[PDB]
Amino acid sequence: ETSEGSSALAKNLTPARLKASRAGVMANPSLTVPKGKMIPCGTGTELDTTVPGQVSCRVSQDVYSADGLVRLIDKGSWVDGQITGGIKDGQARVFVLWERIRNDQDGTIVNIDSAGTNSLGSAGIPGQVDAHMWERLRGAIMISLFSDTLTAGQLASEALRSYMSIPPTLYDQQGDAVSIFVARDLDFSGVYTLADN
Amino acid sequence: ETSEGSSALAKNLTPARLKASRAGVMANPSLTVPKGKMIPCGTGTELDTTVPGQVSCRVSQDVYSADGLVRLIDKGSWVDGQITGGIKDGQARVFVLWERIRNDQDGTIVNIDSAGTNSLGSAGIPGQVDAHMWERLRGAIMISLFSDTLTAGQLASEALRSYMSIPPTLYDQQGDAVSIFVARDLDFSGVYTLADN
Amino acid sequence: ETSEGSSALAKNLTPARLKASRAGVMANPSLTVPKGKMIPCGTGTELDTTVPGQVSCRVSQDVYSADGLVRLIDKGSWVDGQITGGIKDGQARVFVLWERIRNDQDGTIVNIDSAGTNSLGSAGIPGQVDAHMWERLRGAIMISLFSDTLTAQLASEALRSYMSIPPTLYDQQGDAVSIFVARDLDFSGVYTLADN
Amino acid sequence: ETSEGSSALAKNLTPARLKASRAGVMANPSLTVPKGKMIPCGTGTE
Amino acid sequence: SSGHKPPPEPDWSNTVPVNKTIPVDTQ
Amino acid sequence: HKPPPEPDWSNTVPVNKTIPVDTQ
Amino acid sequence: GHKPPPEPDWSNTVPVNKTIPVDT
Amino acid sequence: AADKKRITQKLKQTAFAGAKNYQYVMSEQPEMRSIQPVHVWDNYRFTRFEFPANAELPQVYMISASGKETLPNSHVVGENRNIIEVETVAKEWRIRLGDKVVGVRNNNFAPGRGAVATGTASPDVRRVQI
Amino acid sequence: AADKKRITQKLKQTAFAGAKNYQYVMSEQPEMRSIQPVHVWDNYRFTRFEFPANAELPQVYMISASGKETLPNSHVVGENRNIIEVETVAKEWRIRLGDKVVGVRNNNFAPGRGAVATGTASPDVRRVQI
Amino acid sequence: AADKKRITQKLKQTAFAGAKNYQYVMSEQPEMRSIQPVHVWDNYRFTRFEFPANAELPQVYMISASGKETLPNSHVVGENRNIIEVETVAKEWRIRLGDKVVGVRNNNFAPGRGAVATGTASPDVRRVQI
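Residue numbers (the UniProt record's numbering), protein chains in the order written: chain A, 171 to 322, 342 to 386; chain B, 171 to 322, 342 to 386; chain C, 171 to 322, 343 to 386; chain D, 171 to 216; chain E, 16 to 42; chain F, 19 to 42; chain G, 18 to 41; chain H, 161 to 290; chain I, 161 to 290; chain J, 161 to 290.
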């Protein structure tokens, strides 16, 4: 039995204390591709979000280590990834999980488990939207066309329901220029080392 | 009794830390077909998604190992697969599970358990859609034609319900040029080896 | 209390790793009919999906082993199968389970447990559809004919009744039809090879 | 916490493997009427 | 938003030899 | 569903310009 | 809809290096 | 024996044996050259469709006695995997890949000729019931 | 042996061997120079698309026997990772990156020539079934 | 060794080595002077954008072979953290901060020149596969 008003206020004056954070240092900057670098790619597979499946792209240009001094993700590497859901109305791009990079000269493989982007780094591969309007409307249209020819709302409300049951689908051409946002540090320490010359 | 607003905010400033990832190297690149390579195929069986069942195709051209140097999936091989569900309105292609490749010269078999595609890699085998409009409409049409010849709200809404109960079906001719996205590394190590000459 | 948004995204970045797969080699290619081969057949029994039951067909032409070198499923063999479900509106073909092949010269039997097809390999045997429209409509028609003659809903009930009776499929006796071998069929224990 | 979409797809790539089947031979073919033969009949009762 | 326009097709009005010089295989 | 194309036989031509050989 | 960032105006284009840089 | 299984196997791996028939004609449409065969011929038992060594393998269908186009059984032979040996013989064929099609006609279809009663593809190896 | 695996591997890493074909032409459009190849040629088995040493790698597609543009398999070769060696040979090609495209045509496509029956890319290494 | 890792690292921290290119031009708009670079130059491998010692660092984008403005990778060099060394070379560039933009064009883009096959940014240090 202390005042409720009083307690609520006391509670709102009690913040969640955030923990301070300690800086440290990256262990192998010459042998690491760190979070936030971009891997520019050109898609091998065409893409169509009607049925969930897989995608490939091939690294377009070399990507260097955290300090920019060592080549680590080689141009011409193959990347395999998956597109496992589709798009909704109001969307013109889709989430893409790029899984593994495989250098085909060398055999170096790394699970990057990173998201695909644009060339400018925003999330998802952009594409062309097919709204499937005709298929989403034809039933109601056909039916009502009788109702009309039956003459000289609830249907309409059922129509909209049916209209929403089929999604738009996204297409993107083969060979598109596209990118990957590196989501996690990629450590090449166990694979490459350095020597003169 | 710390502030709820404060806690919600503190929680939203606490990210899920992603684990760094270590590069490695592929073990037998000359004796492996790796993820992402395409197996071009020509369908043997015609395809009709009315009743779930099986499909075959015969590999159209040789597929080489991860480094391009060794022929592993031989032109002429037979692939058996299954199409176990159908299509929905707004779709013109269907998920296909390709199961095993069998070399009929040699007896080499491998379970690829991989998804069929277009020639250009996008998911599912494209086909020709039959919307079954007449069968999906005839009940309502027939019935209302009396109601009208009684000219001489819920029916329509019932109609649309019935309209949705039957799916469109997909067909694709025999001998279609089609492809398979290798989903998982295929290791031929235990079957093939190399010798000069 | 890590961010939900953050977790949802981390989870979407974590793929289900697929296992690699090892190639092997088929044990008795000259004595096996492998998955995917077609058995061409001519139906003995007429077929009608009104009542679940059985079908037969007779192998139309020889089917050879994995490598093409040994005759294994002999022309003239009888296959017994079943059709245990019917068709729905919007279908003109039905699932057929072929169970056993029986060579009547020889006695060789094998349970193929495989799905029947077209001559071109697509699923189910095609047939001729009887929609039963009259039977599916006569009640409502008759009733409303009074309602009409009364005045000179039901409709929604009608459609309900309309959907309770399925179309049925017929296919003539002697149809040219096929079977997609679903599983490897091993004749190793029954046949062997000798010159000449 | 692996991706749901990723699992759903991995699951759809995992077929139910069918068992191979072994041919055998029928024991008494001269003294057996086998599945699939027809017995033509004339109904007695209506 | 119907369908999808395919990627561009080349214009061949002016067609030209690829190899201005003979390539070499460096193995 | 439209079935796959059918050949046009207006110009029919022998297949074997030369006699094949079985190399087994 | 979303308007993209500005593009340069090149009417007056000009060399970048008034002097030669050095790599220290 | 393991050595016996090997000899019988090699012996057998040799029969497309027998009088040969080369009497085949085909539709000639320039849009379809990319899947045309170089040779088609048969044994009176099996039919071979031979394609250029590095050409893509198209698929082959037969016109059955029923009148219907039909998916037959077949394996590839040759060092170049460029010959499709169909395990049957027929009056008429279709070669198909995508929307390309080539009609192939057999001008000396003689069912009745060329059978072997051996239980194998070869006159020299026979199938024996254990 | 480990030393044997190394010799065979090096030997093999050498074949794009054989009579070469350089008879290639391409569309020439100024907008598309940024993805034009410096060379294109072949072996009658594999086809090489060579780009400038530091140029971004575009992607390459083939026109199949079926009439359709098709995604082939390929690997990069070279110190500079600037040569795409496609594991196949074809009458016609597309080079693509984003909305840039360059048509490339093979004026001496001769399927039928240049096969090797070795089971590897090389005339001098062979694939052996254990 | 720890001393060996230190020598290699220093050696490497020296290459923007090579013949240099200075042939760069830029849009000149008075509103955009606040993000203009003092120098732009390259190595035929990497490209340097140099800004006044205490100026705010703007961000830099390349025009790719595909025709699209693209986000590259890059690191800063210099005691004053005022030089952006982009890990790549290109015909054309954008410098952006907020709604400020400067176009920067490379009048001697020569992909094909200047590659090193070393596996590092340097001609003198090499990447080795363990």
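All C-beta atoms, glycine included, are put in the ideal place defined by N, C-alpha and C.
Going by CA-CA distance only, name the one from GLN289/I, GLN183/I, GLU229/I that's closest to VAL261/I. The residue with the shortest Cα to Cα distance from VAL261/I is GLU229/I.
Host alpha helix (DSSP H) of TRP27/F (start-end): That residue, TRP27/F, is in no alpha helix (DSSP H); it is neither H nor E in DSSP.
Look up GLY175/D in the DSSP assignment and say whether it is helix, strand or coil. Correct three-state label for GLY175/D: helix.
Let me know if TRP304/A comes out buried or exposed under the rule of 16 or more other beta-carbons within 10 Å of its beta-carbon. Around the beta-carbon of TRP304/A, fewer than 16 other beta-carbon atoms lie within 10 Å, marking it exposed.
If you reduce the DSSP assignment to three classes, tell me which class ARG287/I lands in. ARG287/I: strand per DSSP, three-state reduction.
Which residues in chain F have a C-beta closer than 9 Å to the C-beta of residue 399/B? List them in chain order. For chain B, the structure presents residues 171 to 386; residue 399/B sits outside this window and is missing.
Quick check on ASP276/A: does DSSP put it in helix, strand or coil? In this structure, DSSP gives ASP276/A a state outside helix and strand, which the three-state scheme calls coil.
Minimum length 4: unbroken alpha helix (DSSP H) runs contained in the stretch 162–199 of chain I: Correct list: 162–172.
Looking only at its own chain, which residues have a Cβ that is under 7 Å from the Cβ of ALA270/H, when we skip the five neighbours before and after it? Closer than 7 Å at the Cβ level, and outside the excluded window around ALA270/H, lie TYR204.
I need the boundaries of the beta strand (DSSP E) containing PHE316/A, first residue and last residue. From DSSP, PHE316/A is part of no beta strand (DSSP E) but of the alpha helix (DSSP H) over 303–319.
Got a sec: is the Cβ-Cβ distance from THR184/D to anything in chain B below 9 Å? At a cut-off of 9 Å, the C-beta of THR184/D has a neighbouring C-beta in chain B.
Between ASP385/C and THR168/H, which are expected to be in contact by the criterion C-beta below 8 Å, what is the C-beta distance as a whole number of angstroms? About 6 Å separates the two Cβ atoms, so the contact holds.
Along chain I, in chain order, which residues have C-beta atoms closer than 9 Å to that of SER282/J? Those within 9 Å of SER282/J in chain I number zero; the least Cβ separation is about 15 Å.
Residue-level contact to chain A via CB, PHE206/J, 9 Å cutoff: Closer than 9 Å: yes.
Report the residue from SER346/A, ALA345/A, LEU344/A, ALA285/A whose alpha carbon sits nearest the alpha carbon of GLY206/A. When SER346/A, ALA345/A, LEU344/A, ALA285/A are compared, the shortest CA-CA separation from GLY206/A is found for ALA285/A.
Can a CB atom of chain J be found closer than 9 Å to the CB of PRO218/I? Cβ-Cβ to chain J under 9 Å: yes for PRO218/I.
For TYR234/A, go through chain E and note every residue whose CB falls closer than 9 Å to its CB, in chain order. Within chain E, no residue has its beta carbon less than 9 Å from that of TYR234/A; the closest one is some 25 Å off.
Can you tell me which of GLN343/B, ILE209/B, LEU267/B puts its alpha carbon nearest to the alpha carbon of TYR234/B? The candidate whose alpha carbon is nearest that of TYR234/B is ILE209/B.
Does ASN281/A come out as helix, strand or coil in the three-state DSSP assignment? In the three-state DSSP reduction, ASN281/A falls in the strand class (E or B).
Leaving out five residues on either side along the sequence, give the residues of the same chain with a beta carbon under 8 Å from the beta carbon of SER200/A. Leaving aside the five residues that flank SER200/A on each side, the residues in its chain whose CB is nearer than 8 Å to its CB run, in chain order, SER235, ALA236, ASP237, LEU239, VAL240, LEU383.
Report yes if the C-beta distance between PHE211/I and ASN242/I is below 9 Å; otherwise report no. Yes, they are a contact pair.
For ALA277/J and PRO283/J, I'd like the C-alpha separation in whole angstroms. Rounded to the nearest whole angstrom, the C-alpha separation of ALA277/J and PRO283/J is 8 Å.
Which same chain residues end up closer than 8 Å to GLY274/I when comparing Cβ atoms and leaving out the 5 residues on each side of it in sequence? Scanning its chain for C-beta atoms nearer than 8 Å, with the 5 sequence neighbours on each side dropped, one finds around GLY274/I the residues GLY178, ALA179, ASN203, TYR204, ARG205, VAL249, in chain order.
What residues of chain D sit near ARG270/C, judged by a beta carbon separation below 7 Å? Simply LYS205.
With DSSP as the reference, please indicate the residues paired to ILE255/H in a beta bridge. Answer by DSSP bridge pairing, in chain order: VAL220/H, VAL262/H.
Please report the distance separating the alpha-carbon of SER173/A from that of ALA186/A. Their backbone Cα atoms lie some 22 Å apart in a straight line.
Please name the residue, chosen from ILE279/C, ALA345/C, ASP250/C, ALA190/C, that lies closest to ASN198/B on a Cα-to-Cα basis. Checked all of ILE279/C, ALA345/C, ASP250/C, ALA190/C; the closest Cα to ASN198/B is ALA190/C.
Of the residues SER177/B, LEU217/B, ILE313/B, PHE370/B, which one's Cα is nearest the Cα of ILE282/B? Among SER177/B, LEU217/B, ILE313/B, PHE370/B, the Cα nearest to that of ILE282/B is on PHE370/B.
To which residues does DSSP link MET208/C through a beta bridge? For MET208/C, DSSP records a beta bridge to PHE370/C.
Kindly indicate the opening and closing residues of the beta strand (DSSP E) around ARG241/B. Note, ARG241/B: beta strand (DSSP E), 241–243.
Excluding sequence positions up to five away, which residues of its chain have a Cβ less than 6 Å from the Cβ of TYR352/B? Within the same chain, Cβ atoms closer than 6 Å to the Cβ of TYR352/B are found at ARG306, the five residues on either side in sequence being excluded.
Segment limits, beta strand (DSSP E) that includes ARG350/A: From DSSP, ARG350/A is part of no beta strand (DSSP E) but of the alpha helix (DSSP H) over 343–352.
Applying the criterion that 16 or more other CB atoms from any shown protein chain within 10 Å of the CB defines a buried residue, is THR213/D buried or exposed? Around the beta carbon of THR213/D, fewer than 16 other beta carbons lie within 10 angstroms, which makes this residue exposed.
Is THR172/D close to chain C? Criterion is C-beta to C-beta, closer than 9 Å. So, interface residue.
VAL229/C versus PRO22/F: straight-line alpha-carbon distance, rounded: Going from the Cα of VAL229/C to the Cα of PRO22/F covers about 27 Å.
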